[PDB]
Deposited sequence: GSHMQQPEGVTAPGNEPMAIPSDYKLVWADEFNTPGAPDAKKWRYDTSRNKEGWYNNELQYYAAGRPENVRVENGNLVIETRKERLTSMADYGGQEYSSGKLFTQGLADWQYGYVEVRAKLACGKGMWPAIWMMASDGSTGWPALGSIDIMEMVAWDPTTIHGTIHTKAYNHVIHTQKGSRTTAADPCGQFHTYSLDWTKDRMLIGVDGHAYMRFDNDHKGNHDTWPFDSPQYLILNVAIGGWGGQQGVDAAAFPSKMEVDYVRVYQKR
């Protein structure tokens, strides 16, 4: 419903303004990522089945130049925020550490596969005041591992949820790295894989928050949900590998 078909590349007049190359093995860098544990006791949205474990290397660890977000079948019943979940996973975001208004975002990633796995790379507005989905949301990459070659790119607004999205295919996305990218300006968003936009969403320039809520900063989110849109017990453990995040601006 938001088709695109054009090349995408880091413009020559843009600079790298922030990156996690994941050069440093161990815990993610607390200056760049926080853990989101906020709905662990209550259960996450979308009828999701995962517990998101914070400072737990079995779920979130930097290893051989990659962020590793790993889902496991275990019950983390010793955690004070445990919510009876049958699976653990990771969710990191830049919320309250780094956000961006416009930019070329590049995430190079090998995905987490298995029926139930729902790896994502997505953004939400730092200003949450208008609520969901009015605040505006950008899914650079969504995949559901019962359809594991298909890459989804979508935006969420008050007027559109009407959802504006598109899809493409990539070669063994869980067994090789691709670059999932967003090119966001005041005029439009492209979302692509490997230098090709398969998704285009234009600003109608009508100054209407319901249709263009993207004249304000967004933060970035990395996670593997389990269930919802994504359960094969044999598929665990499974992991998303992020080689780098790079953000460029004029």
item	value
Missing stretches, numbered from 1 on the deposited chain sequence and kept in order	1-10, 172-175, 245-248, 269
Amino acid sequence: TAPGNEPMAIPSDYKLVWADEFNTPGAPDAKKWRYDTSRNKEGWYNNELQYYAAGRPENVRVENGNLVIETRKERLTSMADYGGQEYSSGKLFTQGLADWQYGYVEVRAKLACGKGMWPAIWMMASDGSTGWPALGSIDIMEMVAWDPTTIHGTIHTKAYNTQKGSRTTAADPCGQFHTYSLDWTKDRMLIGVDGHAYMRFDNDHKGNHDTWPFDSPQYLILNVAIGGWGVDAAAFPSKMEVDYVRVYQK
From here on, numbers count along this sequence of modelled residues.
{"item": "Of 240-248 and 4-12, the stretch whose C-alpha atoms average the higher B-factor in the entry", "value": "4-12"}
{"item": "Comparing 24-32 with 52-60, the one whose average Cα B-factor in the PDB entry is higher", "value": "24-32"}
{"item": "Top Cα B factor in the deposited entry, candidates 161, 179, 137, 71", "value": "161"}
{"item": "Per the PDB entry, maximal CA B factor within 153, 148, 103, 119", "value": "148"}
{"item": "Where the record places residue 223 (Cα B-factor, split into thirds across the chain)", "value": "lowest"}
{"item": "Cα B factor band for residue 192 (lowest, middle or highest third within the chain)", "value": "lowest"}
{"item": "Ranked C-alpha temperature factor of residue 205 among modelled chain residues, by third", "value": "highest"}
{"item": "Chain-relative CA temperature factor third for residue 42", "value": "middle"}
{"item": "Lowest, middle or highest third - CA B-factor, residue 123", "value": "lowest"}
